[PDB]
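Peer 1: Got a structure for you, work01.cif, holding mmCIF, C-alpha atoms.
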data_protein
loop_
_atom_site.label_atom_id
_atom_site.label_comp_id
_atom_site.auth_asym_id
_atom_site.auth_seq_id
_atom_site.Cartn_x
_atom_site.Cartn_y
_atom_site.Cartn_z
CA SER A 1 -23.26 -178.03 72.90
CA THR A 2 -21.76 -176.23 75.89
CA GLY A 3 -18.39 -175.76 77.54
CA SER A 4 -17.32 -174.81 81.06
CA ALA A 5 -13.77 -174.02 82.17
CA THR A 6 -12.24 -172.67 85.34
CA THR A 7 -10.27 -169.45 85.11
CA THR A 8 -7.53 -168.81 87.70
CA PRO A 9 -5.73 -165.62 88.72
CA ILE A 10 -2.07 -165.59 87.67
CA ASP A 11 -0.93 -163.99 90.93
CA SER A 12 -2.07 -162.70 94.32
CA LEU A 13 -3.31 -159.41 92.83
CA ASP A 14 -5.55 -160.85 90.10
CA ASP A 15 -3.36 -159.15 87.48
CA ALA A 16 -4.87 -161.46 84.86
CA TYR A 17 -6.67 -164.80 84.65
CA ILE A 18 -5.65 -167.97 82.80
CA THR A 19 -7.90 -170.68 81.44
CA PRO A 20 -6.67 -174.05 80.15
CA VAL A 21 -7.25 -174.65 76.43
CA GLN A 22 -6.66 -177.88 74.50
CA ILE A 23 -5.05 -177.37 71.07
CA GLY A 24 -4.29 -180.06 68.53
CA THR A 25 -4.21 -183.84 68.39
CA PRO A 26 -3.08 -185.23 70.77
CA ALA A 27 -4.14 -182.29 72.91
CA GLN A 28 -1.55 -179.70 73.90
CA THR A 29 -2.90 -177.79 76.88
CA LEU A 30 -1.92 -174.13 77.09
CA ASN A 31 -3.08 -171.59 79.66
CA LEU A 32 -4.58 -168.66 77.78
CA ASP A 33 -5.75 -165.20 78.80
CA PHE A 34 -9.38 -164.94 77.68
CA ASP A 35 -9.73 -161.41 76.37
CA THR A 36 -13.13 -159.90 75.50
CA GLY A 37 -11.25 -156.81 74.29
CA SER A 38 -9.47 -158.48 71.36
CA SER A 39 -10.16 -161.05 68.67
CA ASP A 40 -7.01 -163.11 68.03
CA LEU A 41 -6.26 -166.54 69.49
CA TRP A 42 -2.46 -166.56 69.59
CA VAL A 43 0.03 -168.79 71.34
CA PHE A 44 3.63 -169.13 72.28
CA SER A 45 4.94 -171.82 69.96
CA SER A 46 7.86 -173.82 68.64
CA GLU A 47 8.23 -170.91 66.17
CA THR A 48 8.64 -168.22 68.84
CA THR A 49 12.10 -166.61 68.89
CA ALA A 50 13.90 -168.64 71.55
CA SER A 51 15.17 -165.66 73.56
CA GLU A 52 11.58 -164.43 73.87
CA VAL A 53 10.35 -167.59 75.59
CA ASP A 54 10.86 -167.74 79.37
CA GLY A 55 8.84 -170.48 81.04
CA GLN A 56 5.71 -170.53 78.87
CA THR A 57 4.22 -173.71 77.53
CA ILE A 58 4.46 -173.76 73.74
CA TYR A 59 2.25 -175.11 70.98
CA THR A 60 4.18 -177.30 68.54
CA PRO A 61 2.08 -177.63 65.39
CA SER A 62 4.37 -180.30 63.87
CA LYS A 63 3.29 -182.61 66.73
CA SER A 64 -0.43 -182.14 66.01
CA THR A 65 -1.91 -184.46 63.40
CA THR A 66 -4.80 -182.03 62.84
CA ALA A 67 -2.69 -178.86 62.41
CA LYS A 68 -2.56 -177.30 58.96
CA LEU A 69 -0.59 -174.23 57.93
CA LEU A 70 -2.94 -171.51 56.75
CA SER A 71 -0.89 -170.69 53.70
CA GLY A 72 0.22 -167.10 53.35
CA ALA A 73 -1.54 -165.90 56.50
CA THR A 74 0.21 -163.63 58.99
CA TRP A 75 -0.92 -161.67 62.02
CA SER A 76 0.35 -158.76 64.08
CA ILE A 77 -1.31 -157.15 67.06
CA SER A 78 -0.64 -154.28 69.45
CA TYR A 79 -2.50 -153.94 72.74
CA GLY A 80 -3.56 -150.91 74.75
CA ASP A 81 -0.75 -151.47 77.24
CA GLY A 82 1.85 -151.16 74.49
CA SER A 83 2.56 -154.88 74.26
CA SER A 84 2.58 -156.74 70.94
CA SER A 85 3.08 -160.03 69.13
CA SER A 86 3.08 -161.39 65.58
CA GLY A 87 3.56 -164.51 63.50
CA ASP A 88 1.90 -166.99 61.14
CA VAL A 89 -1.25 -169.09 61.35
CA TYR A 90 -2.37 -172.70 61.60
CA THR A 91 -5.84 -174.16 61.75
CA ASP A 92 -6.33 -176.86 64.36
CA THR A 93 -8.82 -178.35 66.80
CA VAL A 94 -9.36 -176.22 69.90
CA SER A 95 -11.37 -177.22 72.94
CA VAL A 96 -12.38 -175.17 75.97
CA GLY A 97 -14.02 -176.89 78.90
CA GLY A 98 -15.39 -179.69 76.73
CA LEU A 99 -16.53 -177.49 73.82
CA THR A 100 -14.67 -178.29 70.59
CA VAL A 101 -14.13 -176.21 67.46
CA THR A 102 -12.45 -177.80 64.45
CA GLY A 103 -10.60 -175.58 62.00
CA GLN A 104 -9.95 -172.80 64.52
CA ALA A 105 -7.30 -170.29 63.51
CA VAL A 106 -4.42 -170.68 65.97
CA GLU A 107 -2.03 -167.79 65.52
CA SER A 108 1.53 -168.95 66.19
CA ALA A 109 3.85 -166.29 67.58
CA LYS A 110 7.20 -165.76 65.91
CA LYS A 111 7.78 -162.61 68.00
CA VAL A 112 6.39 -161.35 71.30
CA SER A 113 7.18 -158.17 73.22
CA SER A 114 9.00 -158.12 76.52
CA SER A 115 5.94 -158.01 78.77
CA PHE A 116 4.71 -161.30 77.29
CA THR A 117 8.12 -162.93 77.69
CA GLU A 118 8.29 -161.71 81.28
CA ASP A 119 4.97 -163.29 82.19
CA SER A 120 5.72 -166.99 82.45
CA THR A 121 2.12 -167.84 83.43
CA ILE A 122 0.42 -166.71 80.20
CA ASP A 123 0.89 -168.99 77.18
CA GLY A 124 -1.15 -166.78 74.84
CA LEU A 125 -4.48 -165.00 74.40
CA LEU A 126 -7.93 -166.17 73.36
CA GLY A 127 -9.85 -163.25 71.93
CA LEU A 128 -13.58 -162.94 72.57
CA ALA A 129 -14.37 -159.52 71.06
CA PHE A 130 -15.98 -159.34 67.61
CA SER A 131 -14.21 -161.03 64.69
CA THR A 132 -14.05 -157.72 62.81
CA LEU A 133 -11.00 -156.90 65.01
CA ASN A 134 -9.10 -160.08 64.08
CA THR A 135 -5.69 -159.17 62.66
CA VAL A 136 -5.02 -162.12 60.33
CA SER A 137 -4.10 -161.04 56.81
CA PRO A 138 -4.98 -161.39 53.98
CA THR A 139 -7.99 -163.42 55.15
CA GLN A 140 -9.45 -162.32 58.49
CA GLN A 141 -10.28 -165.20 60.83
CA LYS A 142 -13.11 -165.87 63.29
CA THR A 143 -12.88 -166.05 67.07
CA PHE A 144 -13.41 -169.28 68.97
CA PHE A 145 -16.83 -168.01 70.09
CA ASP A 146 -17.84 -167.00 66.57
CA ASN A 147 -16.88 -170.47 65.29
CA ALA A 148 -18.68 -172.26 68.12
CA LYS A 149 -21.78 -170.09 68.21
CA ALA A 150 -24.11 -171.95 65.88
CA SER A 151 -23.44 -175.24 67.71
CA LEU A 152 -24.06 -173.82 71.18
CA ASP A 153 -27.32 -174.46 73.01
CA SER A 154 -27.63 -170.65 73.29
CA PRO A 155 -25.36 -168.14 71.51
CA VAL A 156 -23.76 -166.79 74.68
CA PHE A 157 -20.76 -167.01 76.92
CA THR A 158 -20.44 -165.86 80.52
CA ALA A 159 -17.56 -164.50 82.60
CA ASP A 160 -17.60 -165.15 86.34
CA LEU A 161 -14.23 -163.89 87.55
CA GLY A 162 -13.19 -164.41 91.17
CA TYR A 163 -11.66 -161.98 93.61
CA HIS A 164 -8.41 -163.56 94.72
CA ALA A 165 -9.97 -166.91 93.74
CA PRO A 166 -10.80 -169.02 90.67
CA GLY A 167 -13.91 -168.40 88.59
CA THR A 168 -15.58 -169.73 85.46
CA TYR A 169 -16.05 -169.13 81.74
CA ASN A 170 -19.14 -170.90 80.38
CA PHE A 171 -20.12 -171.24 76.73
CA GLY A 172 -23.64 -171.90 75.51
CA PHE A 173 -25.62 -171.65 78.74
CA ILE A 174 -26.36 -169.40 81.68
CA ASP A 175 -25.71 -171.04 85.07
CA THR A 176 -28.65 -169.75 87.10
CA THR A 177 -26.95 -170.87 90.34
CA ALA A 178 -23.97 -168.58 89.74
CA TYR A 179 -25.59 -165.23 90.53
CA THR A 180 -28.08 -163.58 92.87
CA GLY A 181 -31.19 -161.67 91.88
CA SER A 182 -31.80 -161.06 88.19
CA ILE A 183 -29.57 -160.38 85.19
CA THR A 184 -30.00 -156.86 83.79
CA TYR A 185 -29.38 -156.66 80.06
CA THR A 186 -28.11 -153.56 78.32
CA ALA A 187 -27.48 -152.54 74.69
CA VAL A 188 -24.19 -153.15 72.90
CA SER A 189 -22.61 -151.26 70.04
CA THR A 190 -20.32 -153.42 67.89
CA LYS A 191 -19.18 -150.42 65.81
CA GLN A 192 -15.65 -150.49 67.25
CA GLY A 193 -15.52 -154.30 67.46
CA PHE A 194 -15.88 -154.34 71.25
CA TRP A 195 -18.54 -155.30 73.77
CA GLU A 196 -19.28 -151.58 74.11
CA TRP A 197 -22.13 -150.43 76.35
CA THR A 198 -23.26 -147.42 78.38
CA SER A 199 -23.31 -147.46 82.15
CA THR A 200 -26.01 -145.33 83.74
CA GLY A 201 -23.80 -143.80 86.45
CA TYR A 202 -21.85 -144.38 89.62
CA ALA A 203 -21.56 -143.95 93.37
CA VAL A 204 -18.56 -143.78 95.70
CA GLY A 205 -18.89 -145.68 98.96
CA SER A 206 -22.21 -144.94 100.66
CA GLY A 207 -22.58 -141.75 98.64
CA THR A 208 -25.48 -140.77 96.42
CA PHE A 209 -25.71 -142.26 92.95
CA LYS A 210 -24.76 -139.90 90.11
CA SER A 211 -26.83 -140.52 86.99
CA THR A 212 -24.55 -140.02 84.01
CA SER A 213 -23.90 -141.97 80.83
CA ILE A 214 -20.51 -143.67 80.70
CA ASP A 215 -19.73 -145.41 77.42
CA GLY A 216 -17.13 -148.14 77.78
CA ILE A 217 -16.11 -151.70 76.98
CA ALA A 218 -16.44 -154.92 78.94
CA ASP A 219 -12.85 -156.16 78.75
CA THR A 220 -11.74 -159.26 80.61
CA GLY A 221 -8.20 -158.76 79.27
CA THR A 222 -7.68 -155.45 81.07
CA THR A 223 -6.86 -155.65 84.78
CA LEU A 224 -8.20 -152.32 86.04
CA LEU A 225 -11.25 -150.07 85.78
CA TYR A 226 -10.53 -147.03 83.56
CA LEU A 227 -13.11 -144.23 83.79
CA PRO A 228 -13.32 -140.49 83.04
CA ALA A 229 -11.03 -138.26 85.08
CA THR A 230 -13.98 -136.59 86.80
CA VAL A 231 -15.29 -139.92 88.11
CA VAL A 232 -11.85 -141.16 89.15
CA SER A 233 -11.08 -137.92 91.01
CA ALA A 234 -14.38 -138.17 92.88
CA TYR A 235 -13.46 -141.71 93.97
CA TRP A 236 -9.90 -141.01 95.17
CA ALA A 237 -10.95 -137.80 96.94
CA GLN A 238 -12.61 -140.13 99.47
CA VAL A 239 -9.27 -141.78 100.34
CA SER A 240 -7.03 -139.77 102.68
CA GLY A 241 -3.62 -139.25 101.15
CA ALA A 242 -4.49 -140.60 97.69
CA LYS A 243 -2.98 -138.73 94.76
CA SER A 244 -2.24 -139.07 91.09
CA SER A 245 1.44 -139.75 90.57
CA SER A 246 2.89 -139.01 87.14
CA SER A 247 6.06 -140.92 88.08
CA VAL A 248 4.17 -144.06 89.07
CA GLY A 249 1.61 -143.72 86.27
CA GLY A 250 -1.68 -143.25 88.07
CA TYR A 251 -3.43 -142.89 91.38
CA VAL A 252 -1.67 -144.26 94.42
CA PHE A 253 -2.87 -144.35 98.00
CA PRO A 254 -1.48 -145.12 101.46
CA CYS A 255 -1.42 -148.86 101.96
CA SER A 256 -2.84 -148.22 105.46
CA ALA A 257 -6.12 -146.96 103.93
CA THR A 258 -9.48 -148.68 103.97
CA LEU A 259 -10.87 -148.18 100.45
CA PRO A 260 -14.51 -147.29 99.80
CA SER A 261 -16.60 -149.35 97.43
CA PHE A 262 -17.47 -148.17 93.93
CA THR A 263 -20.89 -148.73 92.38
CA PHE A 264 -21.68 -148.65 88.66
CA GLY A 265 -25.08 -148.61 87.01
CA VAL A 266 -26.43 -151.13 84.55
CA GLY A 267 -29.79 -149.73 83.54
CA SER A 268 -31.70 -149.35 86.81
CA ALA A 269 -29.51 -152.01 88.44
CA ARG A 270 -26.35 -151.47 90.44
CA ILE A 271 -23.11 -153.47 90.69
CA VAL A 272 -21.04 -152.84 93.83
CA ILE A 273 -17.26 -153.25 93.64
CA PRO A 274 -15.99 -153.75 97.21
CA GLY A 275 -13.15 -151.50 98.29
CA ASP A 276 -10.70 -154.36 98.63
CA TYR A 277 -11.09 -155.13 94.90
CA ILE A 278 -9.55 -151.70 94.18
CA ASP A 279 -6.27 -152.44 96.05
CA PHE A 280 -3.39 -153.48 93.77
CA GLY A 281 -0.78 -153.48 96.48
CA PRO A 282 2.59 -151.81 96.94
CA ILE A 283 3.93 -149.94 93.92
CA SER A 284 7.25 -151.70 94.52
CA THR A 285 8.22 -154.40 97.00
CA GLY A 286 8.15 -153.05 100.55
CA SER A 287 6.58 -149.70 99.67
CA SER A 288 3.77 -148.24 101.77
CA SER A 289 2.35 -146.59 98.63
CA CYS A 290 -0.27 -148.79 96.98
CA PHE A 291 -1.52 -148.74 93.39
CA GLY A 292 -5.19 -148.00 92.74
CA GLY A 293 -7.54 -150.24 90.81
CA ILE A 294 -9.61 -147.36 89.44
CA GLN A 295 -7.62 -145.15 87.04
CA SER A 296 -8.30 -142.41 84.52
CA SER A 297 -9.11 -143.31 80.93
CA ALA A 298 -8.04 -139.85 79.77
CA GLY A 299 -5.73 -140.35 76.82
CA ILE A 300 -6.79 -143.99 76.32
CA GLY A 301 -9.67 -142.74 74.23
CA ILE A 302 -12.13 -145.24 75.71
CA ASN A 303 -13.46 -146.22 79.11
CA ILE A 304 -12.67 -149.79 80.10
CA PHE A 305 -14.68 -151.97 82.47
CA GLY A 306 -11.80 -154.34 83.16
CA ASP A 307 -11.45 -157.12 85.68
CA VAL A 308 -11.85 -154.85 88.73
CA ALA A 309 -15.41 -154.15 87.59
CA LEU A 310 -16.28 -157.43 85.91
CA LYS A 311 -15.21 -159.64 88.83
CA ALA A 312 -17.90 -157.96 90.97
CA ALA A 313 -20.54 -159.37 88.60
CA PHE A 314 -21.77 -162.37 86.68
CA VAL A 315 -21.49 -161.13 83.09
CA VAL A 316 -23.37 -162.45 80.07
CA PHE A 317 -21.89 -161.84 76.64
CA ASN A 318 -24.97 -162.42 74.49
CA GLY A 319 -24.00 -163.08 70.89
CA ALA A 320 -27.52 -163.16 69.48
CA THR A 321 -28.15 -161.46 66.13
CA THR A 322 -28.31 -158.19 68.06
CA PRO A 323 -25.70 -158.64 70.78
CA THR A 324 -26.32 -157.46 74.35
CA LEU A 325 -24.54 -157.60 77.72
CA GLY A 326 -26.05 -158.82 80.97
CA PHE A 327 -24.87 -158.09 84.51
CA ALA A 328 -25.97 -159.69 87.78
CA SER A 329 -24.69 -159.40 91.31
CA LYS A 330 -23.26 -162.59 92.81
#
Rewrite the coordinates I just gave you, this time as structure tokens.
Peer 2:
Amino acid sequence: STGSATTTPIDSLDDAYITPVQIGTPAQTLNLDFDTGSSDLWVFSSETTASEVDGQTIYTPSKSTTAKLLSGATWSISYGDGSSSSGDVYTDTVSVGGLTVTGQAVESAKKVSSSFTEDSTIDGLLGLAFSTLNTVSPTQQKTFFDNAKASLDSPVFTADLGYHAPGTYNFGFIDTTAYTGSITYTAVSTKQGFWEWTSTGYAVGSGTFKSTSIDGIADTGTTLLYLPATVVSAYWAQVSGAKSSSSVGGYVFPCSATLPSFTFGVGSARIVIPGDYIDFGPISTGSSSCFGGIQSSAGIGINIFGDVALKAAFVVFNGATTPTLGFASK
């Protein structure tokens, strides 16, 4: 089997991407944030504290003839940005782009933190990291990909995120029309539960490539590119007037600037992030200070190849017995 679904930016800045997901019988379609940095499929629901719902579409398990309470199971998750959610668990039928999993754990939120409430466009998350990170207790549950994998034509999914435009998540096949040149594959460590890999270096603009190993995670659920402070300083030094602002919470730059590109290495291959992908717009409405899309990972404890990086590539998440990651230009 295969599936193919369009993923759409939630706003004009590509702050996140939503993908429609069918849950239950009859189908209830919710728009979920596909997140290769986590491993829980959770939704706003009829069980979510009413004051914490503000415009989201909810899953109502009592209206699904295939929903079953997973007795005794609870979940609770905290994300790198400080947000969180928790609740109980149903199993139900879940379909993405024509690919159907029966008996998928659907984690129903009883509580969500303010940032989730405040984002009316995101009805929940669909985790695509390794199932070892799944938070369901006392019986850990599998991701949608893990459940689907054996049925897929090939044990892979691909992320093709757009810049200020829709893109595609495919399951079970590689669309050879969706990228240019060849796909370069690189080793993955699953030791921390992530799609963790090592970039071979970087360049800023038309500058020379610096060969240096940068361990990090391919994370579709993180907006920005978080890299070591040395790398990030070298990038922003090429932008007149750019500075790190403790009050804003990262590097800012004059909105009048033209940003240089940023290149990262995948083996001997190179992925070029155009400068415009690194512009996240005014820090506040009407400001001429703009927020940067490349930020320091210092104090995160891990480097994160988030959407800023991934949307410059066609990315293969290869879930073979020994997982790997592939990157192609597009």
Peer 1: Let me know the residues the PyMOL selection byres ((chain A and resi 111) around 7) catches in the file above, as a PyMOL selection string.
Peer 2: chain A and resi 48-49+85-87+109-110+112-113
Peer 1: Using all atoms listed in the file, which protein or nucleic acid residues come within 6 Å of stretch 39-47 of chain A? Drop anything in the same chain fewer than 2 positions from it, and give the result as a tab-separated table (two decimals) with C-alpha atoms, in the frame of the given file.
Peer 2:
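Output file result15.tsv is given in full below:
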chain	number	residue	atom	x	y	z
A	58	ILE	CA	4.46	-173.76	73.74
A	59	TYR	CA	2.25	-175.11	70.98
A	60	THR	CA	4.18	-177.30	68.54
A	106	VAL	CA	-4.42	-170.68	65.97
A	107	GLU	CA	-2.03	-167.79	65.52
A	108	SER	CA	1.53	-168.95	66.19
A	109	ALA	CA	3.85	-166.29	67.58
A	110	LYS	CA	7.20	-165.76	65.91
A	123	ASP	CA	0.89	-168.99	77.18
A	124	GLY	CA	-1.15	-166.78	74.84
A	125	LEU	CA	-4.48	-165.00	74.40
A	126	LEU	CA	-7.93	-166.17	73.36
A	127	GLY	CA	-9.85	-163.25	71.93
A	128	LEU	CA	-13.58	-162.94	72.57
A	129	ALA	CA	-14.37	-159.52	71.06
A	131	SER	CA	-14.21	-161.03	64.69
A	133	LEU	CA	-11.00	-156.90	65.01
A	134	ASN	CA	-9.10	-160.08	64.08
A	143	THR	CA	-12.88	-166.05	67.07
Peer 1: Evaluated on this file, the PyMOL selection byres ((chain A and resi 318) around 12) picks out some residues - which ones are they, written as a PyMOL selection string?
Peer 2: chain A and resi 128-130+145-146+149+152+154-159+170-174+183-188+195+315-317+319-327
Peer 1: Using all atoms listed in the file, find the one residue out of A:237, A:122, A:248, A:70 that sits nearest to residue A:55.
Peer 2: A:122
Peer 1: Could you tell me how far atom CA of residue A:13 sits from atom CA of residue A:221, in Å to one decimal place?
Peer 2: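 Straight-line distance from atom CA of residue A:221 to atom CA of residue A:13 works out to 14.4 Å.
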Peer 1: Determine the residue membership of the PyMOL selection byres ((chain A and resi 231) around 12) for the file above and supply it as a ChimeraX atom specification.
Peer 2: /A:201-204,209-214,225-230,232-238,262-264,294-298,303
Peer 1: Next, write the just-selected residues to a file, as an mmCIF file, in the frame of the given file, keeping C-alpha atoms as the atom set.
Peer 2:
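result-v2.cif, freshly written:
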data_model
loop_
_atom_site.group_PDB
_atom_site.id
_atom_site.type_symbol
_atom_site.label_atom_id
_atom_site.label_comp_id
_atom_site.auth_asym_id
_atom_site.auth_seq_id
_atom_site.Cartn_x
_atom_site.Cartn_y
_atom_site.Cartn_z
ATOM 1 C CA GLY A 201 -23.800 -143.800 86.450
ATOM 2 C CA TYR A 202 -21.850 -144.380 89.620
ATOM 3 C CA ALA A 203 -21.560 -143.950 93.370
ATOM 4 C CA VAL A 204 -18.560 -143.780 95.700
ATOM 5 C CA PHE A 209 -25.710 -142.260 92.950
ATOM 6 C CA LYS A 210 -24.760 -139.900 90.110
ATOM 7 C CA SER A 211 -26.830 -140.520 86.990
ATOM 8 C CA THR A 212 -24.550 -140.020 84.010
ATOM 9 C CA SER A 213 -23.900 -141.970 80.830
ATOM 10 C CA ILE A 214 -20.510 -143.670 80.700
ATOM 11 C CA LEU A 225 -11.250 -150.070 85.780
ATOM 12 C CA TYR A 226 -10.530 -147.030 83.560
ATOM 13 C CA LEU A 227 -13.110 -144.230 83.790
ATOM 14 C CA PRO A 228 -13.320 -140.490 83.040
ATOM 15 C CA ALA A 229 -11.030 -138.260 85.080
ATOM 16 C CA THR A 230 -13.980 -136.590 86.800
ATOM 17 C CA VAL A 232 -11.850 -141.160 89.150
ATOM 18 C CA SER A 233 -11.080 -137.920 91.010
ATOM 19 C CA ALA A 234 -14.380 -138.170 92.880
ATOM 20 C CA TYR A 235 -13.460 -141.710 93.970
ATOM 21 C CA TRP A 236 -9.900 -141.010 95.170
ATOM 22 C CA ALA A 237 -10.950 -137.800 96.940
ATOM 23 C CA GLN A 238 -12.610 -140.130 99.470
ATOM 24 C CA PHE A 262 -17.470 -148.170 93.930
ATOM 25 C CA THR A 263 -20.890 -148.730 92.380
ATOM 26 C CA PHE A 264 -21.680 -148.650 88.660
ATOM 27 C CA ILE A 294 -9.610 -147.360 89.440
ATOM 28 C CA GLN A 295 -7.620 -145.150 87.040
ATOM 29 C CA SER A 296 -8.300 -142.410 84.520
ATOM 30 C CA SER A 297 -9.110 -143.310 80.930
ATOM 31 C CA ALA A 298 -8.040 -139.850 79.770
ATOM 32 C CA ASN A 303 -13.460 -146.220 79.110
#
Peer 1: Is it possible to get the residues within 12 Å of (-7.1, -177.2, 72.9) (coordinates as in the file, counting all atoms listed in the file) written as a PyMOL selection string?
Peer 2: chain A and resi 5+19-32+41+43+59+61+64+66-67+91-106+126+144
Peer 1: I'd like the contact shell of residue A:243 - 7 Å cut-off, all atoms listed in the file, skipping same-chain residues fewer than 5 positions apart - returned as JSON, numbers by chain.
Peer 2: {"A": [251, 252, 253]}
Peer 1: Between atom CA of residue A:200 and atom CA of residue A:271, what distance in Å does the model show, to one decimal?
Peer 2: 11.1 Å
Peer 1: Which residue, A:219, A:72, A:182, A:175, has the smallest gap to residue A:138 when you use only C-alpha atoms?
Peer 2: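 The answer is A:72, which sits nearest to residue A:138.
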Peer 1: What is the atom CA of residue A:71 to atom CA of residue A:142 distance in Å?
Peer 2: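 Taking atom CA of residue A:71 and atom CA of residue A:142, their separation equals 16.3 Å.
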